[PDB]
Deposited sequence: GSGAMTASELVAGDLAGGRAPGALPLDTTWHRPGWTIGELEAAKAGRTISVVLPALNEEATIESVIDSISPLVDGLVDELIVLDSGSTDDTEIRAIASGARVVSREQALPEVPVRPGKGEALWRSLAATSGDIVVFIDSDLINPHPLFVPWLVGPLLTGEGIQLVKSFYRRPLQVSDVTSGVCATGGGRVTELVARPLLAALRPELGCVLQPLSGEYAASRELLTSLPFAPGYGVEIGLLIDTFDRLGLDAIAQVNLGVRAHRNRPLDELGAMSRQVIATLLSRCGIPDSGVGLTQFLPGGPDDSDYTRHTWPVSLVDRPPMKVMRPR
């Protein structure tokens, strides 16, 4: 009933059917992680039984952790790849976008799945639920999750999309960290910096391929790290810079300032990474 292919109920497919449907295509899973020692093990454990079956590859992309993220992820059997290791010829910039962009060079799967590493008790059918529409459908090259409280999503991302790309008004969670896409699409698109990366991929995919190429899947309920409002403001600012730029609007480049009563300025970036294709 939406112009967008939307699975509302627990998808039907079994692990075996999904695996059959691959037909020579490979699947990489990527867990970006910055200081997530309390949750990383459980996220890995939820996925690693799929490895050498439905999933051909799982990595943790460690984004500069100074806690025990790497040693715990290793103890869980995971290959852990630093930003450095992932693309050593290019100096490292901070932010999630960079980490995901670099993960394209550390993986070789025809389909790439992203899952956040701060999730509290993730379901082991997250990945199968997400590759469903890529594997069985035709035309689909991006799958976003939705769930059941997304303050930045509900107050910033979705109202700005109603304002400037109303066609995407039917995406329920445009900022979701859990999503899958073809390598062909991801290495052809630029990667916005920091927390701008999801909203950039969504709009560029739509602008380049239209809605027919985009699916969304219910993953149930989502629980993750709840962050203080001051941190979310910084995030929101980067979401706005990236969204305005994709819509042709000039962004000042001036970072958000907050007065807690003292003055702090958060970084914002107007620099995207290019399509990973150009690094061939």
### Message
Missing C-alpha coordinates: which residue stretches of the deposited sequence does that apply to?
### Response
1-22, 171-186, 299-306, 327-328
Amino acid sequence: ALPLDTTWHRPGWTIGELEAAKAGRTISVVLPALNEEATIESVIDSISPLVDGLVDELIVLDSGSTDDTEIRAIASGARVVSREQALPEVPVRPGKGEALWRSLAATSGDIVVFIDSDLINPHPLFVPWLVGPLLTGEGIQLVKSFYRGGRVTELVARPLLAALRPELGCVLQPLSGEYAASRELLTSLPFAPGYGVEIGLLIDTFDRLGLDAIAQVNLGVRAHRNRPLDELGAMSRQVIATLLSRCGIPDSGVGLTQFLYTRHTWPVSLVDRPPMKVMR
From here on, numbers count along this sequence of modelled residues.
## Note on the structure
Stretch with higher mean Cα temperature factor, 172-180 vs 130-138, is 130-138
### Task
Compare the mean C-alpha B-factor of 265-273 with that of 12-20 as given in the PDB entry, and name the stretch with the higher value.
12-20
### Query
Which of these, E98, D110, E154, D116, has its C-alpha atom at the highest B-factor, as the entry lists it?
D110
### Query
What's the residue among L54, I249, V239, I44 with the greatest CA temperature factor in the PDB record?
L54
### Query
Based on the entry's values, in what third of the chain does the Cα temperature factor of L164 lie: lowest, middle or highest?
middle
### Among modelled residues of the same chain, the CA temperature factor third for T205
middle
### Query
Against its chain's modelled residues, does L211's Cα B factor rank lowest, middle or highest third?
highest
### Cα B factor band for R148 (lowest, middle or highest third within the chain)
highest
### Query
Among the chain's modelled residues, which third holds the C-alpha B-factor of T187?
middle
